[PDB]
Every structure is written in structure tokens, then in C-alpha cells.
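The next block holds one structure in the form of C-alpha cells; read it before the comments.
Laboratory data are not the source of any read-out in this text; all were calculated from the coordinates shown. Counting neighbours? That spans all protein chains shown, and the Cβs are built from the backbone with ideal geometry, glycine included.
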Amino acid sequence: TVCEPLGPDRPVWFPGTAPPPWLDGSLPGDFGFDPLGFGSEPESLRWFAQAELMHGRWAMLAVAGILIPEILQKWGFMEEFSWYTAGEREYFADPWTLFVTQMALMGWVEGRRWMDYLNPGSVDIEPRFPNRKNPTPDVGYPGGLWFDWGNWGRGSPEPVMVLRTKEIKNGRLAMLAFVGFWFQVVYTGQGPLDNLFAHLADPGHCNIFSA
Amino acid sequence: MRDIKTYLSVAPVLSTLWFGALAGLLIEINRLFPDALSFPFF
Amino acid sequence: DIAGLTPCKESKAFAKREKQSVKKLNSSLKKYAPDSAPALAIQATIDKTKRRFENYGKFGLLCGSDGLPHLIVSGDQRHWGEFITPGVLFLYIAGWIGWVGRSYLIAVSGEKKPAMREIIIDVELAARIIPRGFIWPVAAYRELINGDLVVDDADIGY
Amino acid sequence: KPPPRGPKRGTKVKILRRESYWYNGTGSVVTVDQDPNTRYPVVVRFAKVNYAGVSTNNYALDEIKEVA
Amino acid sequence: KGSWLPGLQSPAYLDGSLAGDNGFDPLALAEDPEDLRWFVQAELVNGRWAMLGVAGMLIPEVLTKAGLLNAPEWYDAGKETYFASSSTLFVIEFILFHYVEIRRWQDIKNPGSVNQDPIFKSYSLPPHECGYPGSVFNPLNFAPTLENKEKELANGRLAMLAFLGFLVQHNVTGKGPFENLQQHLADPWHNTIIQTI
Ligand code: CLA
Ligand code: CLA
Ligand code: CLA
Ligand SMILES: CC(/C=C/C=C(C)/C=C/[C@@]12O[C@]1(C)C[C@@H](O)CC2(C)C)=C\C=C\C=C(C)\C=C\C=C(C)\C=C\[C@@]12O[C@]1(C)C[C@@H](O)CC2(C)C
């Protein structure tokens with residue numbers, strides 16, 4: 001736990017501006033950007049931090065699942081066609097069965113996680129053979145060799161706050177990427193790589209303003 | 001922030017949202033069961 | 001056939017009403033393109049009222065001498081899909097609401113100035129009090145058993 | 001040493017008077033004037049305001065019940 | 001004890017003295033002790049008769065579909081023709097039950113009152129524990145210990161659940177639940193609540 005208070009250690013998102021006082025910069029990925037001041041009170045602050053982390057991780061997974069199969073279609077062996085139209089793809093089972101199974105299992109898991117949030121340490125999975133003392137928690141970073149078997153979130157590979165900063169920044173970027181992909185498919189009728197190459201060929205004209 | 005929460009807990013806005021939700025439920029039921037005169041379940 | 005009211009699964013004036021309604025609807029329908037979305041919705045409402053007439057001709061609805069449904073609330077559960085079951089359902093709902101409101105008020109009575117929580121509801125307490133509706137028949141029951149539902153000679157003040 | 005009449009303090013009282021808004025009502029004593037020339041020496045606050053906007057008035061002891 | 005929510009604290013209503021405690025009251029019904037007793041007795045009786053009923057549903061069905069026996073479905077047994085007409089056995093049931101259950105209720109209101117068979121004075125009864133009657137009910141001298149009451153209540157709760165399942169599945173289908181199981185084993189994905197709507 002390292003703090004990033006005002007000064008050179010605090011590169012303000014808006015140069016020449018004093019960041020909101022209740023934005024200390026402890027949470028990695030902070031730059032003093034909350035003009036709406038939603039993080040005014042601490043309970044809301046931590047709640048929004050958890051929401052941000054979850055959104056970032058899910059958005060990373062979603063953008064990977066969009067990107068990789070489409071390029072492996074374009075040039076790779078197997079041809080995974082339009083992902084936006086894969087939502088209605090036909091499988092062995094009906095979409096509602098898939099939906100209810102997803103909801104059951106994810107409700108189980110996310111409910112256990114919800115109780116962990118409301119009551120830290122009271123719902124954890126970390127066995128204890130004798131004489132080896134286990135690690136604690138920092139909710140949002142469960143620890144133990146279930147979700148950190150590489151021993152990366154604790155020390156050695158990088159000071160923690162730096163790696164969490166990497167994570168939150170990449171997650172914000174991935175959120176932008178997902179909303180961009182979706183909005184493009186709303187407007188255009190291709191995948192992300194197709195729009196990409198179309199822009200590469202004609203950067204000067206092949207844009208949103210092409211029509 | 002908490003001020004806007006206590007403000008949102010003031011009866012006008014709470015009542016408006018509650019009534020909107022109830023009316024939406026009723027109109028959706030009517031959509032999924034047109035003219036619904038009797039109780040043809042038992 | 002209560003007092004001679006035949007069900008309009010068999011009466012005729014019902015068929016006449018249905019015929020005239022669908023007829024005026026169809027005559028209105030032939031003033032647009034056969035594919036225009038308004039004409040499409042018109043045909044949709046046509047088939048909708050048709051299947052309504054059909055549904056009414058499926059649930060023993062005794063039917064007037066002028067071609068109109070007519071409820072039979074005399075108590076005979078033969079025609080109960082009109083009053084008895086919807087009646088007890090609405091009674092359940094009303095008891096739900098009454099009990100939850102009463103319990104909320106009885107709870108919040110114990111504060112400094114309960115008016116401040118009567119104008120601005122304790123939405124947290126409201127949320128953890130509200131779903132108790134499933135208890136309203138039984139709970140109040142025990143209350144009356146234990147006499148903790150009414151009062152005897154405390155009238156004003158509290 | 002002369003025994004002061006009226007309840008001591010904080011004693012919730014039940015009103016016996018008929019022609020007040022709080023007939024059969026539960027109030028709280030706030031003081032009693034020890035002067036034996038008074039004619040209504042106790043005074044009671046309530047949690048329910050009456051029509052005139054007032055929330056306090058006077059009584060004798062006969063119109064009180066020292067409930068608890 | 002086993003709070004069914006690894007993070008929630010159990011309310012003071014269900015300490016753990018009574019068997020099967022898990023703090024499973026998210027609506028605070030039995031927070032009054034006498035009503036807690038009432039619902040204890042109600043759960044006991046409902047679970048016992050639900051076990052009875054679910055046995056009487058399942059076992060006949062499989063023994064008939066096995067070819068060893070022949071007996072109609074539990075729902076198809078009403079219209080069946082017996083040595084006795086319906087109303088006769090029904091009124092006999094009514095009188096016998098209005099005796100037994102009213103004695104049970106009198107025991108509930110008064111612990112240890114109606115003990116003896118009021119016909120003969122010996123042979124009567126050893127004093128009991130409410131909800132767990134005495135000699136003439138447990139002939140095999142089973143010790144009423146823990147892990148017996150807990151197993152009873154758990155089996156009875158699951159039996160209640162299974163009975164409600166039987167009833168609603170007969171409602172939606174009208175078929176034998178074991179046939180539903182066979183169709184299920186054929187293809188659990190092609191055979192579920194989804195397709196039948
Ligand atoms: C002992 C409990 C029990 C068991 C073993 C079953 C078993 C079955 N039910 Mg069923 N059911 C139950 C209770 C149960 N039900 C209850 C309480 C209800 C009322 C809400 C229903 C309502 C119901 C309907 C409406 C239908 C089934 C159907 C079915 C069959 C296909 C499964 C399916 O569609 O999902 C079952 C659907 C449910 C809504 C069941 C929910 C049960 C709850 C969640 C408790 C069960 C949890 C339990 C611990 C997990 C299963 C235990 C098992 C592995 C031993 C299957 C044989 C279908 C069928 O017959 O088609 C083949 C069907 O159409 N059930
Ligand atoms: C990571 C952000 C990102 C990137 C790299 C792209 C890239 C692209 N978009 Mg795009 N887009 C984005 C976000 C992004 N978008 C978002 C958030 C939306 C929702 C409003 C859209 C909506 C959108 C539509 C509707 C269309 C494109 C299209 C395109 C392609 C042609 C460029 C163009 O005309 O659009 C320019 C894109 C915008 C004006 C969107 C503005 C939003 C982004 C975030 C601008 C900010 C820049 C970014 C933060 C700085 C770089 C970060 C990083 C890449 C280094 C190009 C590959 C077109 C296409 O399909 O190609 C043929 C097209 O028709 N975009
Ligand atoms: C849950 C609260 C509640 C309960 C249990 C009752 C109960 C009763 N009221 Mg009543 N009442 C209420 C609220 C309530 N009232 C409110 C808010 C008003 C003002 C609009 C009235 C106005 C009123 C009049 C004018 C009369 C009664 C009468 C009666 C009695 C007969 C039933 C009747 O005629 O009601 C008829 C039904 C109504 C009047 C509808 C009012 C019910 C409201 C809409 C429910 C309020 C719920 C709450 C505010 C919402 C918050 C929900 C929760 C999350 C907190 C009965 C004791 C009658 C009586 O004296 O009988 C002897 C009578 O003449 N009430
Ligand atoms: C499911 C059930 C009750 C379930 C109640 C539950 C879960 C309540 C849960 C909660 O309260 C708690 C715990 C805590 C609260 O904060 C939350 C809620 C959720 C409110 C009772 C079923 C109870 C079911 C019972 C008692 C069934 C008995 C069946 C019998 C006797 C069968 C008889 C037959 O089968 C034979 C014998 C012969 C056949 O031929 C004919 C017939 C007649 C059909």
C-alpha cells in the first residue's frame with residue numbers, strides 16, 4: 001500500500017488543476033478525475049472501485065473473445081464469422097437453457113463473492129495445513145494459490161500498486177474498445193479488423209465521415 | 001451524495017417511480033393476456 | 001342456463017356481435033396498402049378480437065339474451081373463474097399491503113419525531129420490512145390470538 | 001421538608017380531565033409549582049399537538065393518574 | 001450451525017438447540033417463541049406426511065412399470081373401483097382423524113394431559129417429549145437422539161419439496177414422474193421445463 005498524494009507524484013489528468021481533495025490517489029489508476037464528485041463519500045468510493053475492477057476484467061475477456069476469433073478467421077485456418085451475429089448462432093441447445101444455466105452458476109459464484117464483499121474473510125477458500133500461515137485478503141485481490149498461483153500480486157515481480165495500475169488502465173481501455181466495437185456494428189456491418197483494414201487503405205477518406 | 005439519497009427518499013419521487021413500475025407491470029400483463037376477463041386457470 | 005342464460009358457445013347474438021365487429025373492421029381495412037404497417041396492425045387487432053371471442057367461448061361464460069357476457073356470482077363454484085378466485089386473490093393482495101404498512105408504521109413509531117420518517121421513508125427499513133407479505137394471514141392471526149392487535153382504552157396520544 | 005405535591009419528574013401521566021384535547025392521554029410532567037395558592041400547578045408536555053397549536057397546559061392533581 | 005450463507009450471521013431466533021437449525025428465516029416469521037413452537041410442530045407433521053405421500057407416489061409407479069405389480073397412478077386411483085365407495089371410507093377417515101388430531105392438539109395446548117388411553121388405566125403411556133411421542137409409537141426402543149431428529153427433518157423438508165414437484169409436474173404434464181425421469185435420461189437437454197411450454 002503506497003499513497004500518491006498531490007505534487008509531481010500526482011500527474012493531474014487536467015494540467016494546472018488541483019484535484020478534488022477526497023481523491024487521494026491510493027487506488028491505482030487514479031488521476032483526480034471526478035468532476036461529478038460521485039466518489040464523495042468513502043462507501044460509495046469503494047463500491048465504485050469494485051464495480052470498476054469487475055467491469056474492467058469482464059471487458060478484457062469480452063474484447064479478447066471478439067478480437068482473436070475474427071482475426072483467426074481473416075487469416076487463420078478456422079473462419080469464425082461475425083461475432084455480433086454469433087449471438088443468434090445455432091447450437092445443440094436453445095438459448096434459454098443456456099441462459100438459465102448461466103444464471104444459476106453465476107448467481108452461485110457472484111453471491112459467494114457478494115457475501116465476501118459484505119463480510120471480508122468470512123467467505124474464503126484457502127486451505128491450511130499445520131504451521132504454514134495463510135495470507136489475508138484485500139477484497140478484489142483474493143490471494144492464495146487459487147487466483148494468484150504465479151505469486152504475482154504479492155511483491156516480487158512488481159510493486160503492487162504499479163501492477164494494479166496496469167490492470168485498471170488496460171481495463172478502461174478495453175471498456176472503450178468494447179463500446180466502440182458494439183457502436184460500430186450498430187453503424188457498420190463488419191468486424192473490427194475489417195474496419196481497421198478499411199481505415200488503413202484509405203485513411204484520408206474511409207472514416208465515419210465517408211458517407 | 002448522501003444528501004441526494006435522503007432527497008430521493010422523499011415521498012414524491014419514490015411514489016412516482018413505484019407507480020411507474022406498477023403501471024408498467026399492469027400494461028405488460030395486459031399485453032401478454034389481452035382482455036383477460038375471467039380466471040381460466042381453475 | 002341460470003335463469004335461461006345460454007353460454008355463447010351456443011348462443012347466436014354473440015356470433016352476430018362478433019360478425020358485425022369483424023365486418024366493420026375489415027371494411028375499414030380496405031382503405032390502405034395491403035402491407036402498410038397501419039393496415040397490418042388493423043388485421044392484428046382483427047385476429048386479436050377474434051381470438052378473444054374464441055376464448056370467451058371456452059370457459060362456460062353464460063351469456064345474455066342480447067349477446068353479452070354476464071357474470072354469475074351466486075356462490076356456485078361452477079362459475080367461479082369470475083368472482084371467487086379473483087376475489088380471494090385480491091383479498092390476499094390487500095391483506096399483504098395493509099399488514100406491511102401497519103408493521104412499518106408500528107416499527108418506525110419508536111423514534112424522535114416519527115413524522116420525519118413518515119414523510120421521508122426509511123427505505124432501508126422499508127426494504128427489510130416490505131417482503132414480509134407472505135406472513136400477513138398467519139402473523140396477524142397470532143396477534144389476535146395474543147390480543148396484540150387491538151387496544152381497549154388507549155385512544156388519544158398514542 | 002414540607003412534602004411537595006405532584007409527581008417528581010418525567011412521570012408519564014394519564015389525563016383524567018374530560019374537557020381537554022388529551023382526555024385519556026399520555027403526557028409528561030415538566031414541573032409543579034409548590035405554591036399552595038395555585039389552582040392548576042402541574043404542567044404537562046405531549047407528543048401530539050392540538051388544534052390551537054399548543055402542546056402544554058395546566059391541571060390539578062385530581063385530573064392525573066401517575067401511570068408508569 | 002451450517003448457516004446456509006457462509007457470511008450471514010444467524011438471528012437470535014434459531015440458536016441451535018432445536019434440531020436442524022441453520023438460521024433459515026430471511027423473513028423473521030418465528031421471532032416469537034410460541035409461534036416458533038407452532039411452526040416446529042407444523043414442520044414435523046408436514047414432513048412426516050410428505051414422506052408418506054412421496055413414497056406412495058414413487059414406489060407404486062416403479063413397481064408397476066417393473067411388471068411385478070399392477071396398480072393405477074396415484075391420481076388415476078380415485079376413479080378406480082374398490083370394495084368400498086369413496087364417501088364411506090371418507091367419512092370413516094373423517095371421524096377417526098377428528099379423534100386423533102384433536103387429541104394431538106390437546107397435547108399441544110397442554111403438555112402431558114391426555115396421556116392415557118381413557119379406556120383402560122394400565123397400558124397407557126410413558127411421559128413424552130412434545131413432537132416426539134412415547135412408547136406405543138417407537139416400539140423398537142429407538143433412542144431419540146440427535147442426528148436422528150436432524151435426519152428426520154432434512155428428509156422431511158426434501159420430501160415436501162419433492163411432493164410439490166410431483167404435484168406441479170402432474171399439473172403441467174399429467175404423466176408419471178418416473179416417465180419424466182426416463183425421458184430426461186434420454187436427453188436432459190431435450191427434456192426439461194423449457195420444451196414443455
Ligand atoms: C425433489 C425435487 C425435484 C426434482 C428431483 C425434480 C425433477 C424434475 N423436474 Mg421438477 N419441480 C420441483 C422439484 C423437483 N423437480 C418443484 C418444487 C417445482 C415447482 C417449482 C418443479 C417444477 C417443475 C416443472 C414445471 C417441470 C419440472 C420438470 C422436472 C424434470 C426435468 C428437470 C427440469 O425441467 O427442471 C425442473 C424444473 C424446476 C423448476 C425444478 C426446481 C426445483 C427446485 C429448484 C429445487 C430443486 C433443487 C435440487 C436440490 C436439485 C435437484 C436434486 C436432484 C439432483 C436430486 C425432472 C425429473 C420438467 C419435466 O417434468 O419435464 C421433463 C417440467 O416441465 N419440474
Ligand atoms: C479505442 C478506441 C477506438 C478506436 C481505436 C476506434 C477505431 C476506429 N473506429 Mg471507432 N468508436 C469508438 C472507439 C474507437 N474506435 C467508440 C467509443 C465509439 C462509440 C461512439 C466508436 C464508434 C465508431 C463508429 C460508429 C465507426 C467507428 C469506426 C472506426 C474505424 C475508422 C475510424 C473512424 O472513422 O472512426 C473514428 C472513431 C470515433 C470518432 C469514435 C470516437 C471514440 C474514440 C474513443 C476516440 C478517442 C480516441 C482514443 C481515446 C485515443 C486512442 C487510444 C488508443 C487507440 C491508442 C477505426 C478502426 C468506423 C468503422 O467501422 O470503420 C470503417 C465507424 O463507422 N467507430
Ligand atoms: C397500510 C395502511 C393502512 C391500513 C392498514 C388501513 C386500515 C384501515 N383503514 Mg385506512 N387509510 C390509509 C392507510 C391505511 N388504512 C391511508 C394512507 C389513508 C389516507 C388516504 C386512509 C384513509 C382511510 C379512510 C378515509 C377510511 C379508512 C378506513 C380504514 C379501515 C377499513 C378499511 C378501509 O375502508 O380502507 C379503505 C382503503 C383505503 C382508504 C385506501 C388507503 C390505503 C392506502 C392507499 C395504503 C397506504 C400504504 C402506505 C402509505 C404506502 C407505503 C408502503 C410501505 C413501503 C411503507 C381499516 C382499519 C375506513 C374506516 O374508518 O373504517 C372503520 C375509512 O373510512 N382509511
Ligand atoms: C413445501 C412445503 C413448505 C415449504 C415452505 C418453505 C420452504 C418455507 C420457507 C420459509 O419459511 C422459511 C423456512 C423462512 C422464511 O423466512 C423464508 C420462507 C421461504 C418463507 C410444504 C409441503 C408440504 C407437503 C405435504 C405435507 C404433502 C403431503 C402429501 C401427502 C399426505 C400425500 C398424500 C397422497 O399421496 C398419498 C398419501 C396417496 C395418493 O394416492 C393420494 C395423495 C393424497 C395425493
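Structural remarks
- Test: residue in the range C:101-124 that is within 16 Å of ligand 1 (Cβ to nearest atom) and either farther than 29 Å from D:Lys14 by Cα or in contact (Cβ under 8 Å) with a residue 60 or more places away in the chain (or both): no
- The range E:16-42: number of residues that are touching a residue at least 60 places away in the same chain (Cβ under 8 Å) and assigned to a loop (DSSP other than H, G, I, E, B): 2
- Counting only residues that are without any contact (Cβ under 8 Å) to a residue 24 or more places away in the chain and not hydrophobic (A, V, I, L, M, F, W, C), the range E:43-70 holds 5 of them.
- Qualifying residue in the range A:134-153 (condition: within 14 Å of chain E (Cβ to nearest Cβ) and either surrounded by fewer than 14 Cβ atoms within 10 Å (Cβ to Cβ) or not basic (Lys, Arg) (or both)): yes
- Cβ-Cβ under 6 Å pairs, at least 6 apart or on other chains, the range B:16-42 side free of Cβ contacts under 8 Å to residues at least 12 places away in the same chain, far side among the polar types (S, T, N, Q): B:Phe39/C:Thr85
- 3 or more residues over 18 Å from C:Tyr158 (Cα atoms): qualifying strands (runs of 3 or more DSSP E) within chain D: D:26-32, D:56-59
- Residue match in the range C:148-155 (condition: part of a helix (DSSP H, G or I), surrounded by 11 or more Cβ atoms within 10 Å (Cβ to Cβ), away from ligand 4 (no atom under 16 Å from the Cβ) and of a type in the set (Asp, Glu)): no
- Selection status of C:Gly67, away from ligand 2 (no atom under 16 Å from the Cβ), closer than 18 Å to B:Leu37 by Cα and touching a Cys at 6+ places or on another chain (Cβ under 9 Å): yes
- Checking C:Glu111, C:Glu124, C:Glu118, C:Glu82 one by one, the residue that is of a type in the set (D, E, K, R) and away from chain B (no Cβ under 14 Å) is C:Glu111 and no other.
- Qualifying residue in the range E:103-119 (condition: more than 16 Å from ligand 2 (Cβ to nearest atom), more than 18 Å from E:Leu44 (Cβ to Cβ) and hydroxyl-bearing (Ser, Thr, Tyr)): yes
- Boolean, C:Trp96 is more than 16 Å from ligand 3 (Cβ to nearest atom), of a type in the set (A, V, I, L, M, F, W, C) and out of contact with any strand residue (DSSP E or B) (no Cβ under 8 Å at 6 or more places or on another chain): no
- Subset of the range C:127-136 [of a type in the set (A, V, I, L, M, F, W, C), within 8 Å of another protein chain (Cβ to nearest Cβ) and either more than 16 Å from ligand 1 (Cβ to nearest atom) or within 21 Å of B:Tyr7 (Cβ to Cβ) (or both)]: C:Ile135
- Filtered residues of the range C:108-129 (kept if away from ligand 4 (no atom under 16 Å from the Cβ) and in a helix (DSSP H, G or I)): C:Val108, C:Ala115, C:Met116, C:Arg117, C:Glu118, C:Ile119, C:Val123, C:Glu124, C:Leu125, C:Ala126
- Residue within the range E:152-167 that is among the polar types (S, T, N, Q), more than 16 Å from ligand 4 (Cβ to nearest atom), under 23 Å from E:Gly53 (Cβ atoms) and away from chain A (no Cβ under 14 Å) present: no
- Condition check for C:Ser36: crowded, with 17+ Cβ neighbours inside 10 Å and more than 13 Å from chain B (Cβ to nearest Cβ): no
- Meets criteria (without any contact (Cβ under 8 Å) to a residue 24 or more places away in the chain and more than 14 Å from chain A (Cβ to nearest Cβ)) for E:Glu80: yes
- Looking only at chain B, and only at residues there that are away from chain C (no Cβ under 11 Å) and surrounded by 11 or more Cβ atoms within 10 Å (Cβ to Cβ), the one that is farthest from C:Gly81 (Cα to Cα): B:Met1
Matching residues to (1) over 18 Å from C:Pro86 (Cβ atoms); (2) part of a helix (DSSP H, G or I):
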position	(1), (2)
B:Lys5	yes, yes
B:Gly20	yes, yes
B:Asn30	no, yes
B:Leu37	no, no
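- From A:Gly143, A:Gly150, residue being touching a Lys or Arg at 6+ places or on another chain (Cβ under 8 Å), more than 16 Å from ligand 2 (Cβ to nearest atom) and small (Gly, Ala, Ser): A:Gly143
- Any chance A:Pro157 is within 14 Å of another protein chain (Cβ to nearest Cβ) and in a loop (DSSP other than H, G, I, E, B): no
- Filtering the range E:14-44 to residues that are farther than 24 Å from E:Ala159 by Cβ and not small (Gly, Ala, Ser) leaves E:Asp15, E:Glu31, E:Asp32, E:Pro33, E:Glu34.
- Matching option when the condition is surrounded by 12 or more Cβ atoms within 10 Å (Cβ to Cβ), more than 14 Å from chain D (Cβ to nearest Cβ) and in a helix (DSSP H, G or I), among C:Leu105, C:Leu91: C:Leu105
- Flag if A:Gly37 is touching a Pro at 6+ places or on another chain (Cβ under 7 Å) and loosely packed, with under 14 Cβ neighbours inside 10 Å: yes
- For the range E:168-197, the set of residues classified as among the hydrophobic types (A, V, I, L, M, F, W, C) and within 16 Å of ligand 4 (Cβ to nearest atom) consists of E:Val168, E:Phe178, listed by residue number.
- Residue within the range E:112-135 that is part of a helix (DSSP H, G or I) and of a type outside the set (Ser, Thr, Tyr) present: no
- Just one of the numbered conditions (1) within 11 Å of chain B (Cβ to nearest Cβ); (2) assigned to a loop (DSSP other than H, G, I, E, B) is not true of C:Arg52: (2).
- Check on E:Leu68, away from ligand 2 (no atom under 16 Å from the Cβ) and surrounded by 15 or more Cβ atoms within 10 Å (Cβ to Cβ): no
- With respect to (1) surrounded by 15 or more Cβ atoms within 10 Å (Cβ to Cβ); (2) within 30 Å of D:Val49 (Cβ to Cβ), the lone exception for C:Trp136 is condition (2).
- Cβ separations smaller than 7 Å between residues 6+ apart or across chains give the following pairs from the range D:7-28 residues that are farther than 15 Å from D:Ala68 by Cα to residues that are among the basic types (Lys, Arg) and in a loop (DSSP other than H, G, I, E, B): D:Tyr23/D:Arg17.
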